[PDB]
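Numbering (full-length UniProt numbering), first residue to last: 11 to 421.
I have placed the structure first, in the form of structure tokens, so that the comments after it can refer back to it.
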Amino acid sequence: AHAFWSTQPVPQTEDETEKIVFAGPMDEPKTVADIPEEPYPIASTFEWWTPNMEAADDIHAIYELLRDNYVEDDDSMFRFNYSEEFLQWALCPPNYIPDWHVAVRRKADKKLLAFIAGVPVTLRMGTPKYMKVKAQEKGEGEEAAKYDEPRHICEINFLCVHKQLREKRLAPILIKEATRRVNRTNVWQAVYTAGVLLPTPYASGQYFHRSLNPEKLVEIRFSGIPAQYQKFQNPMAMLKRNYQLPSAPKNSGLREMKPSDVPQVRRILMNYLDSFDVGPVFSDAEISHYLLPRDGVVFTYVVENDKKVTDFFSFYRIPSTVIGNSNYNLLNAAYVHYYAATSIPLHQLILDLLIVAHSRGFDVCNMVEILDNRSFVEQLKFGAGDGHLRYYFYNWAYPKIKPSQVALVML
Ligand SMILES: CCCCCCCCCCCCCC(=O)SCCNC(=O)CCNC(=O)[C@H](O)C(C)(C)COP(=O)(O)OP(=O)(O)OC[C@H]1O[C@@H](n2cnc3c(N)ncnc32)[C@H](O)[C@@H]1OP(=O)(O)O
Ligand SMILES: Cc1nn(C)c(C)c1Cc1nnc(-c2cc(Cl)ccc2OC2CCNCC2)o1
Ligand SMILES: [Mg+2]
Numbered sequence: 011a012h013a014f015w016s017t018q019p020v021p022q023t024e025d026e027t028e029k030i031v032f033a034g035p036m037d038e039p040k041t042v043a044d045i046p047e048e049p050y051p052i053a054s055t056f057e058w059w060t061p062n063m064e065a066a067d068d069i070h071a072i073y074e075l076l077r078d079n080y081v082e083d084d085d086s087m088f089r090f091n092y093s094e095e096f097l098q099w100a101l102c103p104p105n106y107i108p109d110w111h112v113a114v115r116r117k118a119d120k121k122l123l124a125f126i127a128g129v130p131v132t133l134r135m136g137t138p139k140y141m142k143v144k145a146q147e148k149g150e151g152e153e154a155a156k157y158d159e160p161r162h163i164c165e166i167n168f169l170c171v172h173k174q175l176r177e178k179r180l181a182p183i184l185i186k187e188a189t190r191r192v193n194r195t196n197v198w199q200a201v202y203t204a205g206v207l208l209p210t211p212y213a214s215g216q217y218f219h220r221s222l223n224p225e226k227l228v229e230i231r232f233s234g235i236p237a238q239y240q241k242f243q244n245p246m247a248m249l250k251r252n253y254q255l256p257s258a259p260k261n262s263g264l265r266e267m268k269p270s271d272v273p274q275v276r277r278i279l280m281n282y283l284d285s286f287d288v289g290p291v292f293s294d295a296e297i298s299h300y301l302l303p304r305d306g307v308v309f310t311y312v313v314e315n316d317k318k319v320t321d322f323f324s325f326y327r328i329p330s331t332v333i334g335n336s337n338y339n340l341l342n343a344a345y346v347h348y349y350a351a352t353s354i355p356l357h358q359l360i361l362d363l364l365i366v367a368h369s370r371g372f373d374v375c376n377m378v379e380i381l382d383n384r385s386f387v388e389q390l391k392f393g394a395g396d397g398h399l400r401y402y403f404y405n406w407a408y409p410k411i412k413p414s415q416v417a418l419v420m421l
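Written as structure tokens, this is what we have:
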């Protein structure tokens, strides 16, 4: 049934995942010297290509492939349109490895046909607290804590095959070649997400949406006027009134994050994330890169009281193409990124997120039910969407965990 994922080091079934108790590796311990030095064989009409993320043309090529061929919703109404500036930010974090961005081009015209990206991440991915306490009481704490130390692994995203090339087994060939390039750097684990079911997720979380411009959302059929809104005489006025937001933030200490905030945000974020079972570890340079405001890409606000940053939130932008709508070309979506609250309830901090997003012209705020994102769903008027984001490891045994125990936000 899975001609490719059968040949790979991942759990093969739910309830192998349900069985697993300790974190740890799957494949044979291997060495760099074992890995072929030559690229994986590919048909002679194609060629492997390592884009230069510092070249505007190369970024443009990847931008057009993804604009026309990347992720759609289940009804083919929307497709992500990541910007070139977003792709530059996502694909070139501190100490990125240029060789981990892998593409396939047609040799004759150099047309981009397929792409996959890997970047570094430092991830806590040892045994979950729940399996560790079981282990303690059963005598096995040492084996449980064996892989507690954050690991320098690969995070995979932006897998894409051109629509004209679909179901020709090109995605396996890409994943093989990315794995070879990563393994040649002496890295042996990857983390990735997908909105499809594959063998086998260690966590799954529902999508959630918060309407900011319900007029537009209904016009492009992201949303409907719910049946309940019919035995009111007036549908849309009532819908606007329901989702209306203040014009200005209500926390008085709120301002955009600036470079001098990097150490304190790093500290309050690391203290919050270290509570979850699977989560990233960031250096100052990675906090700067992923959280300092960048126009049209990432937006970050701190609450500063008496010169001390005590809370912050961030969100990132992905516009979606509205596939065949006359009136609207684009859906302008904000996605909740990292945050930390120490002085105010999380609902109060995220309200300010919604207020800034709406003021800056976003149409909806989207998120997955990871981190403590459930604690503000009802009071902030989020709704569950129709789908789940699934979390996976390559070469890592891991128990099934709840999504409220995951702290890795994917872009
Ligand atoms: C140590 C380092 C390791 C690094 C590598 C770690 C692994 C990284 C893994 C990648 C994580 C990516 C994270 C993201 O970016 S998730 C986003 C994925 N991108 C899209 O959804 C964009 C729209 N779709 C496409 O471009 C194509 O449909 C793709 C490229 C998805 C498949 O192309 P196509 O439709 O032309 O099919 P094929 O005949 O060539 O290949 C069929 C095989 O592909 C397996 N397939 C289908 N979808 C996915 C999927 N989303 N992840 C993994 N595998 C997937 C499928 O089960 C089948 O295997 P098997 O069932 O026959 O066994
Ligand atoms: C395309 C498209 N555009 N829109 C607006 C939607 C709801 C889709 C479908 C869709 N596919 N994924 C999501 C998603 C939906 C939500 Cl609510 C939150 C995160 C989502 O995925 C992100 C970005 C890419 N990497 C994983 C995290 O939404
Ligand atoms: Mg294919």
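Beta carbons: idealized from backbone N, C-alpha and C, even for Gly.
heavy atom of ligand 1 below 8 Å from residue i C-beta
i, result
"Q199", "yes"
"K410", "no"
"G205", "yes"
"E82", "yes"
"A100", "no"
"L169", "yes"
Reference residue i, options the options, closest by Cα
i, options, result
"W198", "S324, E38, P409 and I30", "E38"
"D67", "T137, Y282, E94 and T203", "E94"
"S353", "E314, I328 and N167", "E314"
"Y50", "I185, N196 and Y73", "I185"
"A213", "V332, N223 and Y202", "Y202"
"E159", "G136, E177 and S221", "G136"
"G263", "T320, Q254, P138 and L175", "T320"
"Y106", "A53, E57, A118 and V192", "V192"
"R179", "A124, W110 and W406", "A124"
"residue 6", "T55, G334, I69 and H70", "This structure gives no information on residue 6, because the portion of the chain shown stretches from 11 to 421."
"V42", "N196, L227 and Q243", "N196"
"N62", "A71, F56 and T55", "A71"
Beta-carbon proximity of residue i to residue j, cut-off 9 Å
i, j, result
"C375", "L359", "no"
"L283", "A417", "yes"
"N79", "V206", "no"
"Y401", "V20", "no"
"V31", "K144", "yes"
"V346", "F372", "no"
"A188", "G128", "yes"
"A113", "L122", "yes"
"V308", "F325", "yes"
"residue 7", "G151", "With the chain running from 11 to 421 in the structure shown, residue 7 is simply not present."
"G397", "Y217", "yes"
Exposed unless 16 or more other CB atoms sit within 10 angstroms - verdict on residue i
i, result
"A394", "exposed"
"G306", "exposed"
"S221", "buried"
"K120", "exposed"
"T23", "exposed"
"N252", "exposed"
"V332", "buried"
"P413", "buried"
"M141", "buried"
"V366", "buried"
"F14", "exposed"
"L208", "exposed"
"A350", "buried"
"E47", "exposed"
"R231", "exposed"
Assigned secondary structure, residue i (DSSP; H/G/I helix, E/B strand, else coil)
i, result
"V419", "coil"
"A118", "coil"
"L249", "helix"
"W58", "strand"
"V20", "coil"
"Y408", "coil"
"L279", "helix"
"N193", "helix"
"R176", "coil"
"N342", "strand"
"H219", "strand"
"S353", "coil"
"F232", "coil"
"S324", "strand"
"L363", "helix"
"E28", "coil"
"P209", "coil"
Residue i beta carbon near ligand 3 (any heavy atom closer than 8 Å)
i, result
"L363", "no"
"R176", "yes"
"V112", "no"
Residue i: CB within 8 Å of a non-hydrogen atom of ligand 2
i, result
"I328", "yes"
"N105", "no"
"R179", "no"
"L421", "yes"
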